[PDB]
Amino acid sequence: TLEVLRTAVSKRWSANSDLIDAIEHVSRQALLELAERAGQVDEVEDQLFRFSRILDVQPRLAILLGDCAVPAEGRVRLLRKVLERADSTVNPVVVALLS
Amino acid sequence: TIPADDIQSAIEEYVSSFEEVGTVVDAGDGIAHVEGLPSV
């Protein structure tokens, strides 16, 4: 992790936030690599899309997950059981991505 | 896979899960800016 942070700072950036975007993008790529070596190479895709279409119907959950002041632990608490519900989320990597 | 249980109690489970002072952030020339105080 510190090595990838080093090679991340090793380049210039347009602004401040773009670096955070790049690093969390790296985290996304790593979670997807873990899933790909796990044989779930495309199940993650349909899982993400179906959850997106589920969240699309409810604006309440959608917008209040975008709480720009509630503690991030509060946000992940919000996500926990509405995600951890049933067979509708059998994938074990999408949990960390969505978190 | 999509959940059609319609058991959105989860939202309520968080709805059920859940004095005012602000702070000066800049001041000058008779003007101040106050962060916080959501119900002014």
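These numbers come from the heavy atoms of this one structure, side chains and all, not from hydrogens, waters or symmetry mates. Chain letters run A, B, ... following the sequence lines, proteins first and then strands; every chain starts at 1.
Hydrophobic clustering (ILVMFWY, side-chain heavy atoms < 4.5 Å, transitive): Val95(A) and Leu65(A) are in one cluster. Under the 4.5 Å side-chain heavy-atom criterion for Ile, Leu, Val, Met, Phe, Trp and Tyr, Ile20(A) and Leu31(A) are members of distinct hydrophobic clusters. By the criterion of side-chain heavy atoms lying less than 4.5 angstrom apart, applied directly or through intervening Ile, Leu, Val, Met, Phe, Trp or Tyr residues, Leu32(A) is not grouped with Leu48(A); the two fall into different hydrophobic clusters.
Using a 4.5 Å cut-off between heavy atoms, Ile2(B) touches chain A through backbone and side chain atoms alike. Using a 4.5 Å cut-off between heavy atoms, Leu78(A) contacts chain B through both its backbone and its side chain.
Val4(A) belongs to a hydrophobic cluster with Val26(A), counting contacts under 4.5 Å between side-chain heavy atoms of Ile, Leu, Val, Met, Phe, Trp and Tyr, direct or through other members. Using a 4.5 Å cut-off between side-chain heavy atoms of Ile, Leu, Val, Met, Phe, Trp and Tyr, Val44(A) forms no hydrophobic cluster with any other residue.
Among residues two or more places apart in sequence or in another chain, the side-chain contact (heavy atoms from CB on, under 4.5 Å) test is passed with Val57(A) by none.
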Geometric donor-acceptor pairs, no angle filter, chain B-chain A, under 3.5 Å:
{"residue": "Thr1(B)", "atom": "N", "partner": "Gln47(A)", "partner atom": "OE1", "Å": "2.9"}
{"residue": "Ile2(B)", "atom": "O", "partner": "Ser88(A)", "partner atom": "OG", "Å": "3.4"}
{"residue": "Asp5(B)", "atom": "OD2", "partner": "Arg85(A)", "partner atom": "NE", "Å": "3.2"}
{"residue": "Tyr14(B)", "atom": "OH", "partner": "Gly74(A)", "partner atom": "O", "Å": "3.2"}

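The neighbour count for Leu37(B) CG, taken as heavy atoms of other residues, nucleotides or ligands under 6.0 Å away, is above 12.
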